[PDB]
Amino acid sequence: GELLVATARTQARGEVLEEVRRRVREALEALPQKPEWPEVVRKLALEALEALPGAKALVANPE
Amino acid sequence: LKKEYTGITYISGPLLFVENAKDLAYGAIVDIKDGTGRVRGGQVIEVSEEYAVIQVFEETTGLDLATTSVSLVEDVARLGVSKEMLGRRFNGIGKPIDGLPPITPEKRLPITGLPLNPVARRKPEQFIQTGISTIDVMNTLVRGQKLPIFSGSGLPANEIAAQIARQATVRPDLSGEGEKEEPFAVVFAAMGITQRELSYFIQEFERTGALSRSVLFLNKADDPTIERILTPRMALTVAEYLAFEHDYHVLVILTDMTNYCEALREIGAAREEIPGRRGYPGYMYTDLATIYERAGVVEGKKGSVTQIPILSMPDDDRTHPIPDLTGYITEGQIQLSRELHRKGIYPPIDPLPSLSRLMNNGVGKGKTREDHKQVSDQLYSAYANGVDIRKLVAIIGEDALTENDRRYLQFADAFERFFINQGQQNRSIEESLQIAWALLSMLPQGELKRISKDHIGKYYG
Amino acid sequence: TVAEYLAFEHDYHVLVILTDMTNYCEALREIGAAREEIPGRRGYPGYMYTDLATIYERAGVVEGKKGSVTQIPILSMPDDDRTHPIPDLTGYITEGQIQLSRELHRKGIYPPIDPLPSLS
Amino acid sequence: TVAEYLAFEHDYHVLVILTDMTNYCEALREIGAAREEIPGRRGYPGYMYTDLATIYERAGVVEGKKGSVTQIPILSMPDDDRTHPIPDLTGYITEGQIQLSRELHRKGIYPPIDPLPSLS
Amino acid sequence: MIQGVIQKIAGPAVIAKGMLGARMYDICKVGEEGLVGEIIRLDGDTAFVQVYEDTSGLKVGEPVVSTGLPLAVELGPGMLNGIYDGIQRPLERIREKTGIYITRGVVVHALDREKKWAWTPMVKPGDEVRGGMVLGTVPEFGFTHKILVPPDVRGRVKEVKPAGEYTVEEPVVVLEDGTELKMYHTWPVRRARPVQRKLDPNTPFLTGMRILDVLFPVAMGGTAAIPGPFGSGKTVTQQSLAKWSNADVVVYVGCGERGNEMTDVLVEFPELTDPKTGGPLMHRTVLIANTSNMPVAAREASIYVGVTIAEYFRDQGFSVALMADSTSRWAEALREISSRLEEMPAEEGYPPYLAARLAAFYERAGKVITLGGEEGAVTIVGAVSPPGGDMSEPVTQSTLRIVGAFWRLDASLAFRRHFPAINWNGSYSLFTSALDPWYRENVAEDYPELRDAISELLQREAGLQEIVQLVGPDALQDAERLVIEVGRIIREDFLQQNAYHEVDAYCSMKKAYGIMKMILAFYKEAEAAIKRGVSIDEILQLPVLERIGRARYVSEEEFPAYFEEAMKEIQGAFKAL
Amino acid sequence: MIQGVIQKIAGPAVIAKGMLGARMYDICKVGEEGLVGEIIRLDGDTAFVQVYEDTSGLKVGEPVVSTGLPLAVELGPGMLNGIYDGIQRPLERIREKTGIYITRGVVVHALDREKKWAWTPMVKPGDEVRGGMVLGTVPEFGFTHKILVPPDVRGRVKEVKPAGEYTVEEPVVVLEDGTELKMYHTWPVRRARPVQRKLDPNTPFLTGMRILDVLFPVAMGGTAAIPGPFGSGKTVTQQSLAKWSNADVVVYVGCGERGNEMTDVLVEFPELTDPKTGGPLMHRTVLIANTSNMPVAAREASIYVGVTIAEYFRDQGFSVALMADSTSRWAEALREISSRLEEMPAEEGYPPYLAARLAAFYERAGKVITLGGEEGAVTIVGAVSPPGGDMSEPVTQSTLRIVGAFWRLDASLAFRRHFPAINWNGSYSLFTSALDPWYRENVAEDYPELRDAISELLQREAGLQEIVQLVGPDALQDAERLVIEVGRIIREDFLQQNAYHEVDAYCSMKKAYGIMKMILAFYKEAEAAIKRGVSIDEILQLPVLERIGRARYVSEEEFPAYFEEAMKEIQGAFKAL
Amino acid sequence: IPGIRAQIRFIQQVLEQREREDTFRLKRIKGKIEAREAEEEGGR
Ligand SMILES: Nc1ncnc2c1ncn2[C@@H]1O[C@H](COP(=O)(O)OP(=O)(O)O)[C@@H](O)[C@H]1O
Ligand SMILES: Nc1ncnc2c1ncn2[C@@H]1O[C@H](COP(=O)(O)OP(=O)(O)O)[C@@H](O)[C@H]1O
Ligand SMILES: [Mg+2]
């Protein structure tokens, strides 16, 4: 019975962390409609160019 | 971010060679993914400026060279550990297989551990009784000790390990403190068991109710044969955490280390490396040492780690490199005998090839009883007389022996039927010393030369 | 090959006596130690079981034909034991054994055979 | 070479006592493994027999001159067995042996030569 | 379909080039003929194929064509009453097609693709199917061969073809995904078939031999290993395990063993009869033969094809018995491909992953619930052949850590023609304590206590035998001579099978219990007769000892009245003494 | 000094390019963390830098900075009462900096730079000095710790610091060639400290055990080797030698054993008392501990640091013992660093130069007259642990040709608890022919003849053990049964000694001479009585051999009166017969 | 006498077998040394 109550507690605790992950996944999915979107994308592209010294090709989307 | 590398040159056995990989650190974990999206763990064991060797932690079926990006994860190999894993189950990589959510890792530790400082250790000193009469009287198990159970091939090692799991307690009234009874926390590190031994351990721990205190790193036999390297390290990481930052009393059961040494023989023969004895590599002493010596107690803190490795002696000897080097690193062994189990004795522990190097720290005056070491030494000398007089019986026959020679022969088999033989009963230390004196009372005085005169004057009969 | 020809083409009843297998296994050990392969239990190569069995399994009878290739190999134990690679990797293939003895030869009895370690 | 010079150009009689021929053979194995050549039987090099007979058979009297090199090699047997290759090849080149005994020494006799295994 | 050419040939190992993107452990058709190989050791764009047939007469330049699939068996109706070789090709179809010689490079399908099977569906449109559920039955011989969903297929049933008779290639179910489920289905042979849950085995594998189920039993979901040198039989024990069992189907895989055994098994099994359903015995045997002179790399795949077919019949509910003969020849096959592949060995040539391969084989046995709800089991008896005696071999000690029961043969105990040669001083079984409630319900009430008395008497006899050999026969006072003689009656009357006699071969549990009760009643009443002053040499020629000694020949029908009559003879033959 | 980058990483292996002009065996710094590596096998412009920590997280391209100076210990005042590791770093300051784990790359100094010592000088200005002449004096833990001129350093003294309290950095002497001389000096460990003359041994290293001082002595300037399998009792023997011997300082070198046995030494020592001084016992021991999991390539350095510290305390006139345990772990460390050189190995994988390393280590012992005018000694006790329990190893057969006093510990005398488990049939000591005049002056007069009586009687015992294992204890005469029983009471009352009882741990040789004279008087009068003719069972039930059996539990303090009473009863118990 | 002779012959056969395995490993590692010096002579 104590394993029953403890496993019910920890799975109820885990699924709320899963839905917080859902909220941040959707709030990062709906980021490309924002006025600082070329700023953040070129910042991330500058970091990606920085960590790899002297790249050749840069892959991006048609959007 | 998430860097990647294509360009695997060579895949064979457990190995694959990436190239143009100067940013893979040595000892770093990679993950390998093929066209079917399935990922596979791996670890680097050589970095050059040209290329980099990688061992694969799962089965290598389905890889190819037009695909299979190798990405980097966790610069040094780490286990994310919380305190919330005291009821869970995990595989060899460290992922839960019980349908439950993954954990919230409070700390993340390096898996291989750091060597414990010899200035900041404490003497393993407090008497654990285990119920088993041979281990309690003659080869004492003291809290903070490494002692493996050297077993044969059909001997009941798993039942003796489960019995020490279900009834090992410390008695503080003999010690003089009381002060609480917090029980043990079991860490069960299983390397390649075959669902039969696994079902016995799980059914025993669930009938006694220890699964609300025990973490189980289960690596079953069909699971791939490289993560047996990873299993004892990510079990003793949790053991060191739960003993030296949260003050528990962790008992680790390292099941069947011969599978770990088989995995090292595989990965050492796939690297074209200098053998030791019987094909095992050179560094097997160092790897068994850096598993075993991550145990003990420390100075000024509260916890304790107690290791029981289990050994399957291949041709039931102490000459194969696995039980041999195991006995070299550890402090004492408990060895099982094929003769007593054919005679029907459980636990079939013959006390002559077994010892415990930390007995003298945690027995004797004010800690067990005033006669403990001397009763042990007299049992050893008299049972050795019985053993080597059975050979004389096998040579010349019984009816040329006199009476005192026959009293030893009665002592040896009365010893084997009453002191050693006990079916699942929890004989404590006082009753076991009572049975020890009841067997020593089959011998007259003048033949008890290792017991002081007031002990033999007041306890005899 | 000659025996398979006779018994499976002309319906003979060929009995093939291969009089010494110790020399054949020594010959196999001599020329087989040129491809640089790890040997076996005594020094004889790893493939010796398959090599002996591809000259023992060519015995046997075939339905539809009245022929037969029955075989008697004769092999000397190099020292007098059955745990040498040539006797035990013959005994794992064949249909029994008939074993000569030395007790029945010092007492002057030809053919010296004890029928206890021999069976079909 | 100093002894053979003295005996065969100044006609002396020379006794040459060579102490610890086991250390020579262990250094020979060491230099073989340094020079990267394969250990033969028991880890000792294969050429050990001739490279040991070269420093045994430089003894001997010579017809027509008056010198004589007599040679006493002394060797610690490794574990008191004469089946080890060092005393085996020494006793397989030399002329007999004398053998110090364990029992007569540690019950107290000097020198402890028993004459039951010895031979000239 | 990655296509390339041969770059190098070395033994049966074809090192092909031009393959950049072939998956490891695929199966590629090597040569212009169409030979079969498995691909390992990728390097650059250069593979390392091993062929499974012979390899002589090939060149450098011939195309190798990668199929892009792993080694797959086909599973479905039409496998019982059938012989295959190590890559699942039917030997009868080869004998019909090419001759009496197994030639190289011929492709016949595994399941015959033209037999008309009756179909009886058990799904309907608008149902849902998961992995492993039933779609309907097909009647095979006297079984009921229910056909499965493949274990990685699920969805919703869109149409079912109706009741009638069909062919195994014809798509009988169509899901609502466009996929079509046929009767057979392919399965990759090294990935183990899934289960829901593994249970604990608690029902014994009855094997018809007295010692191998009375003194060293093995459960329905356990493993057992039989060593033994030459002349220790072992082949008649494997065949007796195959002939006289309670398991519903038997996969007899022989990897590297003589062809006379396989032609014995194939010829005489259509004349026998299993004691469960009548009909022939050969209608419950799938036998996968790979003779010694057949190629040396197919021995590796023969075991996996055998155990995958055994798991296929295990998933249908049938209790399967797998007899794997000469797994040390599979160890030598791994040694041959390893030393061809230039790896460094460990402990006499064997590759260091050997015990991991043997654990992967002996792990598939068990007693599970299937994916389709019902319950099944599979038990593996593996005959190991060490060189001579020599239980310290790498393969023997590497299979010894895994097996639940160990059955050790001897040569000295078999040169006296005492078959079976089971040395009970060294054999053991871990399944004795778990099979006790089944015993106490279904054979007797005091059955474990009785065979514990037998084991105590045999250990006493074997211990005292040493001083009997030393001093001679005289000095044993009164009852230790009785211990010798009762032990001789046991090892000549209870332990010694024949397997060629028509009624001594199969011995059910009731007759073995009866003979055991006879011997222990004789011993107890003779000790009660010797505690009062009767000469031990007088007892050893009473006629009721003969009534015990020939009691392994009374039939299963004629036994119980004979048992009660021998009990009253045991009583009324010591009253005069 | 010299720069490079890391080319390859493999365990304890960093091959490093960019380094041309580096020298072999000079200490590099590897990585940004500053790991301590040592160069072997430099070629082209590379260097196989092995490392003394765990490379786990090093990337390639990290810088490698050479130094151009070999592995230098710092020798000066302050090494006593100290625990060091294999690069001579104090583990207590590592405990104070880090937590309870030992993190790689932390740098501390081997001598305190902030404790003030008392300098009392003993040289005038304008005085000549050579390498080895004493300069001043610092009292340290009751010892009179001298301060040496470094060897090869010569000259004329210009000015001297006065009598005061200064630190080890303060230049205490300034010479005329501008060179300051401090309280310490750096020293390479692979050079024997130069010395004036080696003497010949005439004084025993008093162990305190009865067997290892009577039957197998070790002279003060001699080596000794104690092998044995695991469970024999090597380490408890060597801690007993570290606890109860007549040495000034004891360098205990844990070269690859467990750490629990070293925490035991750090804890149970400061309670105890140095016998030659009156102070504590940790105040004389230097303790170099490289445990099992502390990294593998540091064990070679850990076995050289201990011996050069012992040579430093040889050069002060002291009389040093060194206990180096498990030197086969050092041989295995050489094998493991050889495993990535890919250099061709000798028997069982060991490198070929192993015997030369063991010889050049064990020849750094031996009772010298130093350069300072005083005599000193270093005696080495090396524990050689074979892997299989077999002493035919390449390590043991290269140890036992250069050591004197070789001591086999068996295991069958260790299963029965018979400690110390010195096997007598195969252990030897060669120093018995140069310790005769010392024995004949400082113990007794008939002591070599009494030792020879013991050894001759034990030889007759181990001769008759053939007959008693073959025929039996009976069918033997009364005189030879006397010999067997007297040999058994020798092995139970003179050889056996438990190292945990309060009395009978330290047994000075007056007590050992007493026990041997008791047993030989018993034997001589017993054989005279048994050739007169009495029964042996009325000899072996006296109350006087129980007196002999308890004669080793009585103290040293009242012992000679007890010995006189034992001799009076030993004539008065054979007066009666 | 023949039981101990059988034990001694068994021990000599298995020790010679271990010696033969190790002197195969020595030839393999010598092939690796000469391949390391010779394969990287041309390509370098
Ligand atoms: N001289 C001795 N006196 C008493 N007990 C000893 C002695 N030597 C060893 N022992 C016992 O034997 C055990 C093994 O000792 P140890 O030296 O640790 O083994 P090893 O030789 O493998 O290091 C110890 O626990 C100790 O109690
Ligand atoms: N096929 C292989 N795969 C992976 N590693 C190998 C292989 N063959 C040899 N090695 C290892 O690579 C190492 C190369 O040696 P070396 O270049 O001298 O040292 P390092 O690479 O550490 O500088 C050897 O120690 C060997 O153990
Ligand atoms: Mg030790």
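Method reported for this entry: electron microscopy, 3.8 Å.
Heads up, the Cβ atoms here are built off N, Cα and C, so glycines get one too.
Features of the protein shown, as given by Swiss-Prot:
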{"type": "BINDING", "residues": "F:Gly228, F:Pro229, F:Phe230, F:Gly231, F:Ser232, F:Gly233, F:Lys234, F:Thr235", "note": "ATP binding site"}
In the chain carrying F:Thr235 (ATP binding site), residues 6 or more apart in sequence that have Cβ under 8 angstroms from it: F:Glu257, F:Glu261, F:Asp325, F:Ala383
Proximal but sequence-remote residues of the same chain as F:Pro229 (ATP binding site) (Cβ under 8 Å, at least 6 apart): F:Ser385, F:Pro386, F:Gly389, F:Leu409, F:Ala411
Same-chain residues at least 6 apart in sequence whose Cβ lies under 8 Å from F:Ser232 (ATP binding site): F:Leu409, F:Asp410, F:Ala411, F:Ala414, F:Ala421
Helix, strand or coil at F:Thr235 (ATP binding site) [DSSP, three-state]: helix
Cβ under 6 Å from ligand 3: qualifying binding-site residues of F:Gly228, F:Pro229, F:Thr235: F:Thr235
8 Å Cβ shell about F:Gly228, F:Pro229, F:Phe230, F:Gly231, F:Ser232, F:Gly233, F:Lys234, F:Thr235 centroid, ATP site members excluded: F:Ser385, F:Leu409, F:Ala411, F:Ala414, F:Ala421
Fewest Cβ neighbours within 10 Å, where candidates are the binding-site residues F:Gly231, F:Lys234: F:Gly231
Those binding-site residues in F:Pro229, F:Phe230, F:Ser232, F:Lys234, F:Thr235 whose CB falls under 6 A of ligand 1, listed in sequence order: F:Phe230, F:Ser232, F:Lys234, F:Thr235
Those residues of the chain, 6+ apart, with a Cβ under 8 Å from that of F:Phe230 (ATP binding site): F:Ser385, F:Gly389
Cβ packing number for F:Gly228 (ATP binding site), 10 Å threshold: 26
Neighbourhood of F:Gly233 (ATP binding site), C-beta criterion under 8 angstroms, separation at least six: F:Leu409, F:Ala414, F:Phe419, F:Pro420, F:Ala421
Against chain B, in sequence order - binding-site residues F:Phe230, F:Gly231, F:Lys234 with Cβ under 8 Å: F:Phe230, F:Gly231
